[PDB]
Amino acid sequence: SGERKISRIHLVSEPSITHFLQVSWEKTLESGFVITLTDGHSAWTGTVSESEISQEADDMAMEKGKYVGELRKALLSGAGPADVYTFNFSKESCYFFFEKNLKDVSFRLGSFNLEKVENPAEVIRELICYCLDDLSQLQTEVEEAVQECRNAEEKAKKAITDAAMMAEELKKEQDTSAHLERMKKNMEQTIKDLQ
């Protein structure tokens, strides 16, 4: 099996409508991935090999592991902290390239050539089926995460009860010790006056 990530993007040439990007890989995005773009009517598909990823990461002076982290933020929709990414696609040449905006820099991150799919309806139906499967998967993870929260709250409740009983036993013992010291002081007086 593999892993996917379906994301919304807005093309620079078409800011009015929303496009959808589907990226799928095997174990890591670093070993290559298939990328599919659709507008709800047509679909375009491309493949990026591991060699192309290592080469594009080398055309720019950039550690390869760090470059994959930029692909994940750009193509897998993980760039929340005030990052600006742009996506460009010509439906006449099928050339897709994306850039990263900093301070009017807009430097190129990567690019690939897509191809118009002859069965867009089947690709779109497959995309909707994964979203529905991902919704059912994520609903069970909500219930499991809520159950883990209640299990931890009961473990915290037990830990607080045990700490309170621990304090109670410490109080009793230092009271016992202080009372024994008074008995010792009394017996030392009994010994002192028996002489």
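So that there is no doubt, residue numbering starts at 1 and follows the sequence shown.
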Inset, instruction - Check the entry's C-alpha temperature factors for 140-148 and 64-72, then say which stretch has the higher mean. - result: 64-72
Inset, instruction - Take the C-alpha B-factors listed in the entry for 172-180 and for 21-29, compute each mean, and give the stretch with the larger one. - result: 21-29
Legend entry - Most elevated Cα B-factor in the entry, residues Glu50, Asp134, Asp162, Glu153: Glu50
Inset, instruction - In terms of CA temperature factor as recorded, identify the highest of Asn101, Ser111, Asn119, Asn88. - result: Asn101
Legend entry - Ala57 by Cα B-factor - lowest, middle or highest third of the modelled chain: highest
Inset, instruction - Just say lowest, middle or highest third for the CA B-factor of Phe97 relative to the other modelled residues in its chain. - result: middle
